[PDB]
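# Results of the structural survey
Next come the chains, spelled out residue by residue.
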Amino acid sequence: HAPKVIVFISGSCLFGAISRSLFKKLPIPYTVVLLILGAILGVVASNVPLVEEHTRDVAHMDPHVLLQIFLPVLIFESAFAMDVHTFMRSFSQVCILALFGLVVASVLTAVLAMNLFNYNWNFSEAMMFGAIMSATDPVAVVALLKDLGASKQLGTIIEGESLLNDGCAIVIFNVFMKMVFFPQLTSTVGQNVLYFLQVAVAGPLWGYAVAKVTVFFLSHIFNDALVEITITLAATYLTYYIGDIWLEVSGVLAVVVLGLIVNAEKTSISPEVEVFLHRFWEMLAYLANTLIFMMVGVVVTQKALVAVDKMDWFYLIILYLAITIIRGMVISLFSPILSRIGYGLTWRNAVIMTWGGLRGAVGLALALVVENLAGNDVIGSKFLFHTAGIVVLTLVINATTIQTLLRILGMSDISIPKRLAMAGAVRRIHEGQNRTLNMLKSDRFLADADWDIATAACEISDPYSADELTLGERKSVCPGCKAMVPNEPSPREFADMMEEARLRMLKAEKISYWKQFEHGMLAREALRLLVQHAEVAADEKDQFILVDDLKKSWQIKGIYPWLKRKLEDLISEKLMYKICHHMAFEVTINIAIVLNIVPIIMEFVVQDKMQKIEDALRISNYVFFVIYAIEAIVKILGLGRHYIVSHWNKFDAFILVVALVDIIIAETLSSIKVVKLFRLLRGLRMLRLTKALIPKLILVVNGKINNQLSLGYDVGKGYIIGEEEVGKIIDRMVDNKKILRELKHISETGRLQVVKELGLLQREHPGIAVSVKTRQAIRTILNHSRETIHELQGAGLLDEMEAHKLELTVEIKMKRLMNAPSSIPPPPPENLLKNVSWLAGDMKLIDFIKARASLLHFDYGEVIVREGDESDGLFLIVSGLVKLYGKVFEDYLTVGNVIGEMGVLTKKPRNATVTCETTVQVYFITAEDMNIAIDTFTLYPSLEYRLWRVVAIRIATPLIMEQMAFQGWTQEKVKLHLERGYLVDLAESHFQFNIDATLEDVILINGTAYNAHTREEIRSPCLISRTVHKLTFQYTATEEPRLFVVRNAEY
Ligand SMILES: Nc1ncnc2c1ncn2[C@@H]1O[C@@H]2COP(=O)(O)O[C@H]2[C@H]1O
């Protein structure tokens, strides 16, 4: 008639809602009172027949549809909630701990059950009991570990051990369930090891295959969220169902691998789809847990509680104690092996993970499967009663005492920098609330509002609210503006000032890294590496953030460059030629290859079975595909040395002669013919799929190298940008001079080393580096366009729907950018000469510079630029990396920069010396050609204006970053603000300039200016002070006074 199942599911939803709402403050989890409510519902169902009808329709469910409905959701959410980078960083330890602890804990619990329980269980049923018992589902422990500050890696350790524990526990449970409940099978040794191999490898391989197909499908979906959600759900359920039923493999491990790969590659999912998928899968797992606990309670009080004794409760208590003891001995036994890992466990983490073994819904569902499979036997009832009791006892006692245990062991204390940061944030929020309240007290609409309720509601308080001696010492090392006492430093006081300066540097570097993350410049994993290295340097005595510990991020070496180099070596290569030159023949032979492949596998199948003489041997295999299209028209009639020298063409010659042997065997037309036909087809397929397969492996290897190079470039850029900002802010926090000099020296040598190593990193792999730089440039342009769209929307100049269309356009472009070519070929030096910032617009000027350019090759160690020598040319680095030594500033100039602007402009001997750190090719425009180019052009953007604008940007950027370092704008914002401005001509201004209030900054780039009604004649190029009202300029020959301002933006 009508479904009672929807009534039970909605009732479980409402009961879970009341359970979650009413038990927020209590430390008892909502699952235990869900079990209590399920037991109450089961006993009224045993009394009242209508509730008996509802519970008999739902809770007396088949074991199979119980597994295939609830298990994929729980397993996929456990895999998808993971921090997969931290899990993969400690994957060996988690894998060995979970796997070996599962095996030895299952046999120990099995031996315990056989030696302790009165029931005459055999060895296999006892491993089934141990497999149910050792499956752990801690969620409250991982929530407490994520919430309570430090030991963040221990929660990932516990979660990964739990996920692999659940997967392999259901695997060993299914193995012994098939052993016990269905004992009709008798097997040999070979079939048994084939079954073990099939389960163990064909779980993860099937999961890997469906995960790769799903990632490929999700990479090619734009502007449709609902389809992405449906393929995630359908891929999970289809992977589990096809693996468990059709392939007869372990489907739990397939969903584990699929969830780990989908959580690993989260970038082809759109971010709103990603956050909805996280919330949606958490909601689905909550639904599964609530339903599972309610049916567990119902069948426990209906059938599992009809056969219990006092000895059963005693066995439950001894089983709980021995399960905790067994897990403790497992961890204590594997402690040295787990200790010789890069994240070794302490005694506190071992005790926490011992007590964090909370048995959950997975073992309860397996106990339901055992109960329904056993039938009227008491084995399922005993399994169900002991599993429910172990779950209840572990949940209650372990949860309350794990909160208490985290309190006592000293892993719940808030750290002093976190406490100071939270106190400062709370004080800032309080000051802002007071200022907003004083604003709202003098507003005409809101003056009459009662303010007692306003201060009662809007009151943020701080959550945190030998240690005293340490805090007193840390406050004692503070020679700041709090106290005004002049003195002379002491050597011990110098040691404390050294330490305080070093911690202030590392703390400011952590703020630099978080500022880089919040502005969409750093990656998240790069941020975690830089912050981790900063805090590791902070925990040591004198160790700064070194470069050797940062080089491991961009260590490109490994399996993948060796694979790339060897596959490049295999496919390096070297009238009738032109049709081969079009390359459209090769795709036709490849499609012909696959259309040859599949039906000869069918003919293999039909002689394995051994109709109309099998279709007359399938028209003699289409006369062997018309003898391979007459051997590709006799290889287009024997194209000479091009066919002669290629070993690939040598085995196509082998193919054609073996096909001629197939002709003479058809002429002979027994057993030798079939085996040789087998060898023909298998060889043909494998060595002709190899030519298609090798470039696909080349792109896969290039993608892996691209990911590693992107991480390394992101880490290096984060260190360099943070080191720039910290070296620009360091003057305020450090008062001593020699301390400042030492700190600047280490900062500069680290900066130079990282810039050099990134330059040689670009030199090593050209195409991959060009690909990651193109990807980062497109991402930066798209992010700033999205910010422009948001600022146009927030200013009211664009309505909501049209702004949403523009954001959808840039988001679709970003998703296309995620599916990029992994190795863009490097551009020619003509293209790099074309794309120069002072040479972008004018095409005629591009033709003149190409007519006047000479490529000049230099070896290692030659000098390009001499300081004493007069300026005779311009240089453009098209490849290679150069060093600079100048009077002392040291920098390394990369590909696409220009060397010599002020030399060719203001006619002075060169300021620096440039040498080659690798072999370099530069474009040399001789100075007389620069002068005839500078004369022959009179457009509104002129080369004189463009070159002076490029150099004006370069000098003005760190000088503006000096003043705004207190304000905290990054270098990118300074460059974007300065990019808005233009050089202003004094010839139109009659050599008198006025400063306006509208002008944000005024920087003179070159020359001497008079200021403030001849108050002082400023010779040094710098930012013109706002105190200066106007500047009057004087003509001096070859002085050429250039000032570069920006105006404020107008809506
Ligand atoms: N502070 C700097 N940062 C980057 N490049 C510089 C710096 N100073 C000089 N250069 C470059 O080094 C070149 C040396 O010779 P030039 O002075 O003709 O032009 C100079 C600039 O191109």
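Residues numbered from 1 in each chain as written, not as in the entry; some residues may be left out. Heavy atoms only, no water.

Per the PDB record, this model was obtained through cryo-EM at a reported resolution of 3.35 Å.

Under the PDB entry, the protein chain has the name Sperm-specific sodium proton exchanger and belongs to Strongylocentrotus purpuratus. Among the UniProt annotations of the protein chain, the heading Catalytic activity holds the following wording: "Na(+)(in) + H(+)(out) = Na(+)(out) + H(+)(in)". Within the UniProt record for the protein chain, the comment given under Subunit is "Homodimer; the dimerization is stabilized in the presence of phosphatidic acids." (UniProt positions renumbered as here; feature names shortened; annotations may be inferred.)

A separate point is the overall build of the protein chain. When helices and strands are counted, the protein chain shows 39 helices and 15 strands. In terms of principal-axis extent, the alpha carbons of the protein chain reach across some 110 × 100 × 60 Å. Across the 1051 residues that make up the protein chain, the buried fraction comes to 42%. Roughly 57,300 Å² of accessible area belongs to the protein chain as shown, and the carbon and sulfur atoms make up 64% of that amount. Distance between charge centres in the protein chain, computed from 102 positive and 108 negative side chains, equals 3 Å. (Helix = DSSP H or I, 4+ residues; strand = E, 2+ residues; numbered from the N terminus. Buried < 20%, exposed > 50% of the residue type's maximum accessible area, 1.4 Å probe, protein only. Areas by Shrake-Rupley, 256 points an atom, 1.4 Å probe, with all protein chains shown as cover. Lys, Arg positive; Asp, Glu negative; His and termini not counted. Charge placed at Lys NZ, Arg CZ, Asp CG, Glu CD.)

So, about helix 11 (residues 225-246). Helix length check: helix 11, at 22 residues, gives a terminal C-alpha distance of 30 Å against a target of 32 Å (1.5 Å per residue), a fit within 8%. Those residues of helix 11 not exposed but buried are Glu228, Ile229, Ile231, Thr232, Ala235, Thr236, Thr239, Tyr240, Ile242, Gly243 and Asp244. Where helix 11 is buried, its residues touch helix 4 (63-80), helix 10 (189-219), helix 12 (251-264), helix 13 (271-304) and helix 33 (800-818). Two or three places before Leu226, at the start of helix 11, stands the capping residue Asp224, its side-chain oxygen 3.4 Å from that residue's backbone nitrogen. (Expected span 1.5 Å × (residues − 1). Contact = heavy atoms within 4.5 Å. Polar contact = N/O pair within 3.5 Å; in protein donor to acceptor, adjacent residues only side chain to side chain.)

We now examine helix 9 (residues 152-180). Side chains that are three or four residues apart share a direction in an α-helix, a result of its 3.6 residues per turn. Helix length check: helix 9, at 29 residues, gives a terminal C-alpha distance of 42 Å against a target of 42 Å (1.5 Å per residue), a fit within 8%. Along helix 9, 24 of the 29 residues are buried, which leaves the element largely enclosed by surrounding structure.

The next point concerns the packing of helix 1 (residues 5-22) against helix 13. Taken N-terminus to C-terminus, the directions of helix 1 and helix 13 make an angle of 100 degrees; their axes are 10 Å apart at the nearest point. Accordingly, the angle class assigned to the pair helix 1 and helix 13 is roughly perpendicular. Where helix 1 abuts helix 13, its residues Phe8, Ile9, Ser12, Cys13, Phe15, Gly16, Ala17 and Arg20 lie against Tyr286, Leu287, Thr290, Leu291, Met294 and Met295. The class makeup of the residues in the contact of helix 1 with helix 13 is 10 nonpolar, 3 polar and 1 charged. (Axes fitted to C-alpha atoms, helices over the stretch in contact; angles between N-to-C directions. Parallel < 35°, antiparallel > 145°, perpendicular 65-115°, else oblique. Nonpolar A, V, L, I, M, F, W, Y, C, P; charged D, E, K, R; others polar.)

Looking at the secondary structure, you find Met902 in helix 36 (residues 901-906). In this structure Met902 comes out as buried when scored by relative accessible area, which is 17%. Distance from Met902 to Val1028, taken between C-alpha atoms, is 27 Å for residues 126 residues apart in sequence. If we ignore the near neighbours within four places in the chain, the residues touching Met902 are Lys907, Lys908, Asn911, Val951 and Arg954.

Further remarks concern the pattern of salt bridges. Tallied over the entire structure, the rule returns 21 salt bridges. Between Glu525 and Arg89 there is a salt bridge whose closest N-O contact spans 3.0 Å. Assessed through its relative accessible area of 40%, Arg89 is described here as partly exposed. Salt-bridge contacts for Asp869 lead to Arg910; the nearest nitrogen and oxygen are separated by 3.9 Å. With relative accessibility at 26%, the residue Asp869 sits in the partly exposed group. For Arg910, a relative accessible area of 7% gives the class buried. Salt bridges sharing partners connect three or more residues here, namely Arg474, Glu500 and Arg504. (Salt bridge = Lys/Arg side-chain N within 4 Å of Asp/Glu carboxyl O.)

Another aspect to go through is the packing of aromatic side chains. Evaluated as defined, the whole model comprises 23 aromatic pairs. Considering the side-chain rings of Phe117 and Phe129, the 5.6 Å spacing of their centres and the 85 degrees angle between planes classify their relative orientation as edge-to-face. Note that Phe117 is positioned in the loop between helix 6 (91-116) and helix 7 (123-133) and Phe129 in helix 7, a separation of 12 residues in sequence. Given a relative accessible area of 0%, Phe129 falls into the buried group. (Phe/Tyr/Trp six-rings, centres within 6.5 Å; stacked < 30°, edge-to-face > 60°.)

Right, let's talk about the sheet that holds strand 3 (residues 873-879) for a bit. Spatial strand order, 1-8-3-6: 4 strands in an open sheet with antiparallel pairing. A strand with exactly one partner marks an edge of an open sheet, and here the two such strands are strand 1 (855-858) and strand 6 (898-899). Here strand 1 runs beside strand 8 (residues 920-926); their pairing, made up of 4 bridges, is antiparallel. Bridged to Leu856 within strand 8 is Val922. (Pairing = 2+ DSSP bridges.)

Quick look at the side chain of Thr239 now. By secondary structure assignment, the location of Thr239 is in helix 11. Among the residues examined, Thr239 registers a relative accessible area of 1% and is labelled buried. In this structure the side chain of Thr239 is engaged in a polar contact, spanning 2.3 Å, whose partner is the backbone oxygen of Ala235.

This paragraph deals with the site of the ligand. Every one of the 14 residues lining the ligand counts as a neighbour, but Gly900, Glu901, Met902, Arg910 and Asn911 are closest to it. Between the ligand and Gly903, the relevant distance is 3.4 Å, taken from an oxygen atom to a main-chain nitrogen or oxygen of the residue. One nitrogen or oxygen atom from the side chain of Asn911 is found 2.4 Å from an oxygen atom belonging to the ligand. When isolated, the ligand has an accessible area of 460 Å², and the protein chains bury 84% of it. Put simply, the parts of the chain that give the shell around the ligand at least two residues each are strand 5 (889-893), strand 6 and helix 36. With 3 residues, the single largest contributor to the shell around the ligand is helix 36. Residue classes in the shell around the ligand are distributed as 7 nonpolar, 3 polar and 4 charged. (Near = heavy atom within 4 Å.)

What follows deals with a negative patch on the surface. Taken together, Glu535, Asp539, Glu540 and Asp542 make up a surface patch of like negative charges. Turning to its location among the elements, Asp539 is positioned in the loop between helix 23 (524-538) and helix 24 (559-570). (Patch = residues over 30% accessible without salt bridge, like charges linked within 9 Å, V, L, I, M, F, W, Y side chains within 5 Å.)

A few words on the sheet that holds strand 7 (residues 912-916). Adjacent strands of a sheet pair through backbone hydrogen bonds, lying either parallel or antiparallel. The strand order 2-7-4-5 describes an open sheet built from 4 strands, whose pairing is antiparallel. Of all the strands in the sheet, the pair left with one neighbour each is strand 2 (863-865) and strand 5. Going across the sheet, the axis of each strand differs from the next one's by a mean of 25 degrees, ignoring polarity. Where strand 4 (residues 882-886) lies against strand 7, 5 bridges are found, and the strand directions are antiparallel.

Attention now moves to the domain arrangement of the protein chain. Under the domain assignment, the protein chain is made up of domain 1 (5-195 + 282-408), domain 2 (575-694), domain 3 (765-826), domain 4 (828-937) and domain 5 (947-1047). Here the C-alpha centre of domain 3 lies 48 Å away from the C-alpha centre of domain 2. (Domains from an automatic or database assignment.)

Along the chain, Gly160 falls in helix 9. The residues touching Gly160, leaving out its near neighbours within four places in the chain, are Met82, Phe87 and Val94.

Right, let's get into a nonpolar patch on the surface. A cluster of nonpolar side chains, contributed by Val189, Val193, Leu194, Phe196, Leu197, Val201 and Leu205, occupies part of the molecular surface with about 720 Å² of accessible area. Of note, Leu194 is situated in helix 10. Take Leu194: its relative accessible area is 53%, and that puts it in the exposed class.

Even without a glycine there, the phi angle at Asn223 is positive, about 60 degrees. Notably, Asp615 is not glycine yet its phi reads approximately 60 degrees, a positive angle. Given a relative accessible area of 31%, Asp615 falls into the partly exposed group.

This part covers the side chain of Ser134. Mapped onto the elements, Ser134 comes out in the loop between helix 7 and helix 8 (140-147). Not counting the four nearest positions on each side in its chain, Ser134 is found in contact with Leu102, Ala105, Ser106, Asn165 and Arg359.

Before going further, it helps to spend a moment on the state of the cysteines. Summed over the entire model, instances satisfying the criterion amount to 0 disulfides. Between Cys478, a free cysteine, and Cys481, which holds the nearest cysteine sulfur, the sulfur-to-sulfur gap is 9.7 Å. (Disulfide = S-S within 2.5 Å.)

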